[PDB]
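See below for the structure under consideration.
Don't worry about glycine lacking a Cβ; one is built from the backbone with ideal geometry, like all the others, and counts go over all protein chains shown. What follows draws every value from the coordinates through simple rules; no lab data is involved.
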Amino acid sequence: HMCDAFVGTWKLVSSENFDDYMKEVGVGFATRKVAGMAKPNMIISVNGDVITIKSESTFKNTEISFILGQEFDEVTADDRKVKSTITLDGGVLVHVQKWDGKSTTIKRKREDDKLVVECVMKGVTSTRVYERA
Ligand SMILES: O=C(O)c1csc(COc2ccccc2Cl)n1
């Protein structure tokens, strides 16, 4: 019953500061423009201890499966090769990505009927809000 309130199909409904977050991460112009247009659907499922998060969009379909606290290799939608660890901290899914001596964190939280995604790199934060599909 780990992650129950996250499981489902979610659709992006608002974004703030994502272009700047992507700039901070190092994403180039053309990828920022096309990625920034996307309205992904995020599909979260759990089977035993394994959590799967899929994102589907016209930019780039992704899928990660993981066990909380157990590092895995991830190729991000912007083509970074990162080492990721996802944990639950006080009901918040915390997804840390390490690459080339850098770090970024993606937090996912249930707030009312929304799933709120906060992406932080150095001093730059982007907030992306999803609704049930
Ligand atoms: O909500 C997510 O899954 C999520 C937020 S940030 C991310 C990985 O980073 C990118 C993804 C697409 C374009 C540019 C970047 Cl930097 N995934």
Item to complete: Between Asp89, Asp73, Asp20, find the one with the highest GNM mean-square fluctuation for the chain; connect C-alpha pairs within less than 10 Å.
Response: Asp89
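If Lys and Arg each add +1 and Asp and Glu each add -1, what is the summed charge of the other residues whose beta carbon sits under 13 Å from the beta carbon of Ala38? Numbers along the way, then the final one.
Working: positive: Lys11, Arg32, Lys33, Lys39, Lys60, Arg128; negative: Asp19, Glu56, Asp78.
My count for the surroundings of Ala38 gives +3.
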Fill in: Signed unit charges on C-beta, dipole axis of segment 8-130, positive-most listed residue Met37, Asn61, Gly101
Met37
Discussion item. Test of understanding: extend the Cα→C-beta vector of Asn47 to 7 Å, then name every residue of segment 1-18 with backbone N under 18 Å from that spot.
Written reply: 1-4, 7-9
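How large is the charge dipole for the chain, taken about the Cα centre, if only the Cβ atoms of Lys, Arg (+1) and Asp, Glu (-1) carry charge, to the nearest 20 debye?
On the way: 20 positive and 20 negative charges, 61 e Å.
It comes to approximately 300 debye.
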Fill in: MRE, 222 nm, helices only [DSSP H, n ≥ 4, -39500 (n - 2.57), over the chain, to nearest 500]
-3500 deg cm²/dmol
Practice prompt. Would you order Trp10, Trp99 from fewest to most other beta-carbon atoms within 10 Å of each residue's own beta-carbon?
Written response: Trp99, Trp10
